Amino acid sequence: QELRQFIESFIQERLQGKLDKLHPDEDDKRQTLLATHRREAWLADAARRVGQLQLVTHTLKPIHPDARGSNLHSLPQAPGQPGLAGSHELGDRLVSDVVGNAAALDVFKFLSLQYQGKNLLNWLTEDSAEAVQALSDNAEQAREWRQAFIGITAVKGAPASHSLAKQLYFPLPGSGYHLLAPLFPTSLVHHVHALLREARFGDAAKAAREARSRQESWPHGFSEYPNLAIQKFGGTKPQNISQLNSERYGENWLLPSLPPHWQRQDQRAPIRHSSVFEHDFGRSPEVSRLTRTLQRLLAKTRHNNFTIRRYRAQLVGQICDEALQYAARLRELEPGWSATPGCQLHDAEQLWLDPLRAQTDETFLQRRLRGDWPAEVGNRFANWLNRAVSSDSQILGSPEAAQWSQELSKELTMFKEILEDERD
Amino acid sequence: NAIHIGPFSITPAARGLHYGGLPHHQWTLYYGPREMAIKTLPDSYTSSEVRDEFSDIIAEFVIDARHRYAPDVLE
Amino acid sequence: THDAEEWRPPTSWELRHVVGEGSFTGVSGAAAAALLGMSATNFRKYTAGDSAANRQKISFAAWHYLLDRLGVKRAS
Amino acid sequence: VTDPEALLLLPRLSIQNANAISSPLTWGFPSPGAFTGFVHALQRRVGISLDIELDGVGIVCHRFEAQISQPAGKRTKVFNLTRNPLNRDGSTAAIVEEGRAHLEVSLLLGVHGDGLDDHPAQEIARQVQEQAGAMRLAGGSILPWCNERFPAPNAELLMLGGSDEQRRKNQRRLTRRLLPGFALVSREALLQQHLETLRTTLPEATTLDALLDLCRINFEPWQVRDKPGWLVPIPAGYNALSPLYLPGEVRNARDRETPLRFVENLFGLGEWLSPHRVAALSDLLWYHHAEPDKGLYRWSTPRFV
Amino acid sequence: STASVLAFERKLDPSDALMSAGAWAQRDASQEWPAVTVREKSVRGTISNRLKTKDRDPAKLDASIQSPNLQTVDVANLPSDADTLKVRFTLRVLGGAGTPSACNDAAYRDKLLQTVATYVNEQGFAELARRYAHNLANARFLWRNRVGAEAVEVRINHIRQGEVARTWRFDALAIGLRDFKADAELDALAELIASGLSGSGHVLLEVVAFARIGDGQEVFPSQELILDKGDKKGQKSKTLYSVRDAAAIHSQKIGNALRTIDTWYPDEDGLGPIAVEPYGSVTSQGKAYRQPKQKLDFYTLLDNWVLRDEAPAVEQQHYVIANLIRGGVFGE
Amino acid sequence: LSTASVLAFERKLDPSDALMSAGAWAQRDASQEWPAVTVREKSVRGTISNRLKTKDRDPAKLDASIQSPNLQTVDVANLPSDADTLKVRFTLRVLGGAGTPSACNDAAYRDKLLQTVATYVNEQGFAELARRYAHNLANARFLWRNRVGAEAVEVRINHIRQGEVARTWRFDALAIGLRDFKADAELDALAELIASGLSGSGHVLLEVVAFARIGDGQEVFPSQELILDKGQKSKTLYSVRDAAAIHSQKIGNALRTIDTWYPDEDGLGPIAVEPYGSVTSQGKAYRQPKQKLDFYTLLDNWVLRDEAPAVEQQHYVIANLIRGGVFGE
DNA sequence: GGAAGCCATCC
DNA sequence: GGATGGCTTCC
C-alpha cells in the first residue's frame, strides 16, 4: 500500500542523488534514462540482486580476508553445564549481518527499509495483495519477488571450508579426535559493542561522570572499563565483513585478560635507612589501594556482620598474600645481598626477609641468620600492619572488633608459620 | 577567538606551529589576571574539545575552593 | 558589605561568578532575570563588559536581593 | 577424573613472540587449551616411549612482556606489527593484526604410568627436557639454554609418596621453588553465585561475566565495589554450531581422515592465586575432556577446592 | 597434484639480539658489560621536500618557512668512554627438513617425501651450510652498524650440554659480502650445520660480535610499526625496539639477514646475493625478481620437480630446498 | 628516463654529541678530569613587555596587569665561580663513498647518477669541499653563542687511526674569521686528510676539543628542549647523565655553513647547504625555485637533460648529496 | 575456444 | 578492498 509508494519515493530520491553528481556534457540524458528505468523496473532489477545475498551470524572472513568457506546462520542450543557464555543467552534482540555485493547491500537495505513502517520485515514472505498494489509490481512480478525474497532469506550455501582457517583437533575420551573449525561471531560482538558504547557514552554516563566529579549522589550507577585493546579488521574499507563492520568502522575493543603484575618495575631493595623504614611500611600501588580499602572498611556497622566479616577476612588474606608475594619477589628479584649503609632496621628484618648470605655478606652472619629465624621481623610486620589499620575503642568494646582481632592474629600466625618454615 | 567559562577564559596564541607534521596551537587558561595552565592542541578541534581539555583543572579548582572557604560548624 | 556608604557595584568579572552557565551557581541569565522581575534584555544590559559600551551598574538593593535569592548570602 | 601419582615440573621456560590475542574478546595470556595441546603433543611425541600417560598442566607465569604501545591521545592501547615481505607486484601487503608477547612460565605435569619403575626419575626428566627443547607453545619458540644453566635440572615428585605429613612437607619444599608467580584456575562457582545474586534483579547471563570484571564506581549513600581475588576472563572452550561431518564431506580439510565440526568459542572466568594458598598441588592441573553428544569441548581444573 | 593445504614450520630459529657496550681489548671480559639504553630528544627541521611545484609561489614559501617544524625522536648512543659495541644472540637448528606440518592429500605427501629423500641422498647440505656459515662469518646481521667500521670480530660457540662444546672466532671484514669461498673452520661449521639439518637433533649456538666504531657514536636497533589513523596530536616520529630496558634487534630482521644466499636470480649477478622467497622480492628495490612469467619462481619449479618429474638443475634445487627450509604456508 | 619514485641517501660526516666541562686557563693540557657543568633551576619574575592589541590599552587594565605578575621557574647553567674556561669535546666520523643512494627504483637512473658523480670526482677532487670543511672546523662555528664575545678560543684537533693519536693540530680560532676562506699549510694538510677520507681511500675518525676563555661564573649555553604543556616549569635544557650537552644536529648544522654561491648577494656570508637554501633566523629562502638555482632543478638538469651547470653549483649539488636526505615523490 | 588476465566499478 | 563481470583478448 503505502510501503511501495515509499519505496518508489526512495527510488526517486536515489535517482535525484545520482543526478546530483551530474556531468555538463551528457549527464542529463543518462540520468533521465536511469531514472525512467528505475521507476519502471526497480523490483525487477532488485530481484537478481536479492538472489545474491545471504543472512549470516558467523563469518569466516575476519579470520583472514583471502579465505572463503561456509558461512552459517544458526543459534545453537544452551549447553547443560550451567554458567557459560554463548549466543544462546539472548534470542529476542539479535541483529544478523549479511555478506554480499555492495549494490546488493543497497538493495537489501532498501528491502529492510520497506520491511519497516508496516509489518513487512516479518511479512515479506506472507503478503501478496497489498504489497503488489503498493509496489506497482504485478501478480507475476509479485510472485517472482516473493520467490526471490524467500531465496535471499535462505542461506544457499555448500558445506566447505578453506585452507586458511584454523580447524583444530580436540581429543575424545580414550579415543581419537575431531576437527574443530572456529567461526568468528559477529552478532554477539555487535551486541556487546553496542553495550560497551552505551557504557562509555550516553547522557547517563556523562551525568554520572560529572556527578562523580561533584560527588552529588542521586540514585544512579557508574561503570568504567580500564585498558582495552583495539583491533582493526582488514584494510581501509571495513564493510567487506558486513554492514555491521561498516557501522563499527572495522573496530573491536578487547577486554584485558592479564596476569596481576604485568608492569615489571625496578625494585627499591637497596639500603636506604628511610628506604628501610618505608619498606617496613611497604607502600606500593596495590598495597596502597588495599590499605585505602581497609581504612574505608573500618567504619562499617554490624547489621551485615556476616558478609562484612567475610569481606574483611578476604581483604586481610589478600593483604597477607600480597605481602608474602612482594617479599618473595623482592628476595628473588635481588641479584645479590649487599651490606646496606645505614639500613636502619633493614638488616634486622633482612636477616630472614633478605637473600642468602652471599660473598658480600659474612659467613658467620649467615650462620647466625640460619640459627634464628626472623620471628621478631614477623612481630614488627604485624605491628606495622596493626598500625596501618585504624583501630579504636568501638572495636575493643564491641565483639566484632574482637573477632576481627582474632582473625588478624590467626592470619599473622599463619604468616609467621610460613616465614619460619622457609626461614632457617 | 576566546572561550569564556564563567570567570575563566581560554585564548589561543596567535601563531601556531607544526608538531609531528600537523599544525597546532598553544592555549592558555586564565582566572582573571592569573594564568593557570598552558596546553598545545592541534587544529581541527571544536570548542567542546578545548572545553573538556581543561574541565578537570576547573573541577579541581572548584573542589579546593569549596573546601577552603567552608563555613564553621557548631554542635 | 551591608553599609551603603562603603559599598561599590561589582564589575562584570565579579558578576560572572554567580550568573551565567559557567558560573558556580550554574544559573542562567534568563532565570536570574525572571528572579528579579525584569526582561532578559535589561538584564543583559548589566553584563556587557564596560559602561562605555552601553552598560549600567546594578543597584544596591537588586544586588543584595539577588544574592539572597540564589542562596549565597543570607542578607537578613 | 583421575588422580596423578607423580608430579613433574618444568622449571622456567623463556618464550618469545607468543600469540597474545588467543581469543576474539581477550588479549592477555594465551589459552589454557594451548597448554593441554602442548602436553598432548608431548605425550604423542616421546611420552609413549617410556610408558606414561599425562593428564594436566600447571602454569605459574613468572613474567610478562608484551609489545604494546599507547597512541598518546587516549586511554586505550594499540598493537605493534611486523612488516610482511612484498607482494609480487611490489606494492604492499594485506595488513593483518597480531599480538606478540614474551612469557616466563613453569610447567607442572602429572603422571600415571610406571614412573620410577621402568627407569629412575632423573633420566626421564632429562629426556623430557631434551624433547621439550624443540617445539613451540602458542606460536612462540622456546629460547634455548643460556646462562640460566642453574634451573636446568628437573625433578619428579611422587604425589602420595611417603606419609601424609611427608607429602605435605615435600609439597612445601616444592612450593618453596615457585616463588614469583601465580597459578590459574577456573572459578565458575563464583560466577554461579554471583549470577544467582543478580538474578534477583533480572535474568541476564553474560552481564554476570561482564559486570564482575570491570571497575564499578558506586554512588554515595564515590566508592568502588570490590572482588576479593584476581578475577580474569578466560576462554572456556568450544560449542559447536553444526553436527558432525564426515572425513570426506567437507572440502579443503587439514586431513581427510578425521570428522569435522564447526564451533563457536566459549568463555569463562579465571583467577590468579598465590601458590601458598592451596593445600594440594593436584588441584591445579588442566585436563582436556570432551562431550561429543553436544558441542561441549572443555578444559578445566576439577578437584580444586 | 599438490594438495589444497600445505605448510612448513621454520627451522633455524634465532633469538632477539641484545646490545651492550664497552671498551676494546676487554671483550674477553664482556660478560657484565652495561646495556645501551634508548632516550628521547627534540628536533627542529625545515622544509626540504619536493613540493607540488604548482604552489612554489615565493610568498607562500616564505610563509611556510616561518612556522617551525618540531618532532620528538628516539636515539641510542654509546657512552663517551666506551668505543665498542657488543651484540649477542642464540640460534637453534632443528633438522627434519622435508616433512610438512599439513597436507590434505597423502599422495603428494609421500611423493614429496621420496623426492627429498632422493635430494638428500644425491648430495649433502654442504653448499647451503657453507653459505650459511658465510652469512654468519661476515656480520650481515649488523645491518647498518657494520657500515664504515674499523674492526669487526665474531665469536661462535658450540653448545651440546650446559657447557661449551667448541669455539670459533673470525675477522668478519676479511670475508667479503660478495662471494662464497672455503675455509677449514668454516667447513667444520658447515659440517655442524649439515649434521644439524639432517634430523639429528637440536644443535645450539651462541654468537657474539664486536665492532670498533668510536666514542659516543650512535647505533641502530630496530624500529616499530605504528599506524597513525587519528585526529589527535602528532606522536613521536621514531621509536626503537627495546627488551627489558636495553636496545635490541628484531628476530625476523636477523633471520632475514641470514638467508641472503641466492645468487641465481636470472636478471643479473652484479647486484649480489639476496634472500630466498617465492618469486623472490626484495623490499629495498621494491621489485620482484624470479617473475612467475618466467619458470624460475618457486612454485613452478617445485611442480615440475615433484609432480611432472621435470628435474631442473642443481641451482634451482638449492633454491627450492632453501624455500623449503625457510618455511611457509602454501595452498589455494 | 625520469627520476625514480624513491631516493634515499645516508649521511657522511657523522658527529657525536658534545658535552661540556669547566676548568682554569693554562691548565688546559691537563684537561681530562675536569668536572662537568650541571643544570640547576631558579625562579624568575616575568613582566609585561609585549605589544598591546588596542583593546587592552585602558590605563586601569594596564596597571591591574602590573599589579599581578606571573612567576616562572627556568633551567640555567653557569661556570663554577672559580673556573673561567669552558671545554667542549666531541667526535667526528668521516665516511666516504657518497655517490651511491641507499635506496632506489630505476637502475638506469642510479647508473647515470654514478657516472655523473664519477665524472665530477675525475674533474675535481674533494679539495674545495674539504678545504671549506676544515675551515669550519678551524674556527669554532659549533660554539654557537659561546663564541660571541669570548676572550680567546683555542682548538685542538686529533686524529685517531688505531686507539692512539696519529697526528695533531692546534689553531687560534679568532685569527680565522667567519667570513672568508683563506689558505694555510696545516689547514690544507687536514683538508687533504678529510678528502682522503671522503674518497673512500681509508677511514678517518677525529675527536675535537675546544677551549673558550669567558670568565668566572658566567653563563654558558647548551642546547634546548621542547615543552608541550605546563601547570611550573617553562624552560628546560639538554643533558646526558647529568652533564650539559649540545645536540648532534646542531654541530652538523654548524659544519655545513659553506654555501657562498647563492645568487642574492655576498655581504651576508656563507650559509648552510639546503634544498631551497633557507635560514630560520631570517625566515627567508635563498635559491627560490622561480630562479633556476635550487637543488632539485639543478639535479635533474644535470642528470636527465645533461646540462652540467657552473662548477661551484656542482659543488653545491655535491654538498647536498653529502648531507643526504629523502628525495623522490 | 575457454581462462585467465586485467581492468573496472560497485559498495 | 573483496566480488563479479564484460567486452575484449591473449594464445
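Over the stretch D:182-301, what lengths in whole Å, largest first, do the semi-axes of the equivalent ellipsoid take, defined as the square roots of 5 times the eigenvalues of the alpha-carbon gyration tensor?
Details: eigenvalues 254, 83, 27 Å².
Equivalent ellipsoid semi-axes, largest first: 36, 20, 12 Å.
Going by amide H atoms built from the backbone, whose H comes under 5 Å of the H on D:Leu269, apart from near neighbours?
D:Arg187, D:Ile234
So what's the back-of-envelope 222 nm ellipticity for chain A, counting only DSSP H runs of four-plus at -39500 (n - 2.57) apiece and dividing by all residues, rounded to 500?
Numbers: 17 runs with 221 residues, N = 424.
That comes out to -16500 deg cm²/dmol.
Using a basic spin-label model with each label point 7 Å from the Cα along Cα→Cβ, how many nm lie between A:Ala129 and A:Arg370?
Going by the 7 Å Cα→Cβ label model, 10.2 nm.
Measuring from label point to label point, each 7 Å out along Cα→Cβ, what is the F:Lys292 to E:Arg212 span in nm?
Taking the two extended label points, one gets 5.1 nm.
Stokes-Einstein D for chain B at 4 °C, 1.567 mPa s, Kirkwood Rh over Cα pairs, in µm²/s?
Translational D for this selection: 92 µm²/s.
Peptide D:18-29: average number of partner chain Cβ atoms within 10 Å per residue?
Mean inter-chain Cβ contacts per residue within 10 Å come to 5.
Can you tell me how chain E classifies by the Cα gyration tensor, rounded, prolate or oblate, using a/c under 1.5 as the rounded cut?
Oblate shape, in that a/c is at least 1.5 and b/c is the bigger or equal ratio.
Once you have a ≥ b ≥ c as the square roots of the Cα gyration tensor eigenvalues for chain A, tell me rounded if a/c is under 1.5, and otherwise prolate or oblate according to whether a/b is larger than b/c.
Taking the square roots of the gyration eigenvalues as a ≥ b ≥ c, chain A is prolate.
For chain C, what does -39500 (n - 2.57) per DSSP helix run (n ≥ 4), summed and divided by total residues, give at 222 nm, in deg cm²/dmol to the nearest 500?
Helix contribution divided over all residues of chain C: -8500 deg cm²/dmol.
Per-residue ellipticity at 222 nm for chain F, helices alone: DSSP H runs ≥ 4 residues times -39500 (n - 2.57), over residue total, nearest 500 deg cm²/dmol?
Working: 7 runs with 82 residues, N = 329.
Helix-only estimate at 222 nm: -7500 deg cm²/dmol.
Applying the Karplus parametrisation 6.51 cos²θ - 1.76 cosθ + 1.60 with θ = phi - 60° to the phi angles of the stretch A:401-414, what ³J(HN,Hα) value in whole Hz is obtained for each residue in order, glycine and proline being reported as x?
So the Karplus estimates, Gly and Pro as x, are 5, 5, 5, 5, 5, 5, 5, 5, 5, 5, 5, 5, 5, 5 Hz.
For chain E, take the longest principal axis of its alpha carbons; what is the angle in degrees between that and the long axis of helix E:126-137, to the nearest 10 within 0 to 90?
Approximately 20 degrees, to the nearest ten.
Amide H to amide H under 5 Å from D:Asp51: which residues, 5+ apart in sequence or cross-chain, H placed 1.01 Å off N in plane?
The list, which skips near neighbours in sequence, is empty: none.
Select from B:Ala2, D:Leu7, F:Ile258 the residue farthest towards the positive end of the dipole of the protein assembly as shown; place +1 on Cβ of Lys and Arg, -1 on Cβ of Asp and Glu, and compute about the Cα centre.
Toward the positive end, the furthest listed residue is B:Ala2.
Taking the Cα of F:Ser43, stepping 7 Å toward and past its beta carbon, and measuring to each backbone N in the stretch F:216-244: which are under 14 Å?
F:232-234, by backbone N distance to the label point.
How would chain D be classified by its alpha-carbon gyration tensor: rounded, prolate or oblate, with rounded meaning a/c under 1.5 and the a/b versus b/c comparison settling the rest?
Rounded shape, in that the Cα axes give a/c under 1.5.
If you take each beta carbon of peptide A:261-271 and count the beta carbons of other chains within 10 angstrom, what is the mean?
Counting Cβ atoms of other protein chains within 10 Å of each residue's Cβ and averaging gives 2.
Compute the helix-to-body angle for A:187-200: its Cα long axis versus the longest principal axis of chain A, expressed 0 to 90° and rounded to tens.
Helix A:187-200 sits roughly 60 degrees off the main axis of chain A.
Return the loop-located GluC sites (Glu not before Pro) in the stretch A:205-252 (DSSP other than H, G, I, E, B) with at most 16 other Cβ atoms within 10 Å of their own Cβ; answer none if there are none.
A:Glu216, A:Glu224
Under the definition of partner shielding as Cβ atoms of other protein chains within 10 Å of a residue Cβ, what is the mean value for peptide D:205-212?
The shielding value for this peptide is 5.
How tilted is helix B:47-68 with respect to the longest principal axis of chain B? Cα atoms for both, answer in degrees (0 to 90, nearest 10).
With rounding to tens, the tilt is 20 degrees.
Can you list residues from other chains, or at least 5 along the same chain, whose modelled amide H is less than 5 Å from the amide H of D:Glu65?
D:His102
Just to be sure I follow: if Rg is taken over the C-alpha atoms of the stretch D:4-181 and Rh is the Kirkwood radius over the same atoms, what is Rg/Rh?
1.06
Which ³J(HN,Hα) values in Hz, rounded to whole numbers, follow from the phi angles of the stretch F:193-200 under the Karplus curve 6.51 cos²θ - 1.76 cosθ + 1.60, where θ = phi - 60° and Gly and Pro get x?
5, 5, 5, 5, x, 6, 7, x
Find the percent of Cα-Cα distances in the stretch F:218-267 that exceed 11 Å, and round it to a whole number. Before the final figure, lay out the partial values.
Numbers: 958 of 1225 pairs.
So the pairs more than 11 Å apart make up 78 percent of the total in the stretch F:218-267.
If packing is taken as the mean number of other Cβ atoms within 10 Å per residue, what is the order of A:282-290, C:48-56, highest first?
A:282-290, C:48-56
Quick one: Karplus J couplings for the stretch E:25-30, per residue in order, coefficients 6.51, -1.76, 1.60, θ = phi - 60°, nearest Hz, x for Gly and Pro?
After applying 6.51 cos²θ - 1.76 cosθ + 1.60, I find 6, 10, 6, 5, 8, 8 Hz.
Using only alpha-carbon positions, what ratio does the radius of gyration of the stretch A:294-424 give when scaled by 2.2 N^0.38 Å?
1.26
Mind ordering E:17-27, D:199-209 by average Cβ neighbours within 10 Å, highest first?
E:17-27, D:199-209
Can you tell me the equivalent ellipsoid semi-axes for the protein assembly as shown? Use √(5λ) from the Cα gyration tensor, largest first, whole Å.
Values: eigenvalues 552, 502, 396 Å².
Gyration-tensor ellipsoid for the protein assembly as shown: 53, 50, 45 Å.
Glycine also receives a Cβ, built like all others from the backbone with ideal geometry; neighbour counts cover every protein chain displayed. No value in this document is a laboratory result; all are computed from the given coordinates.
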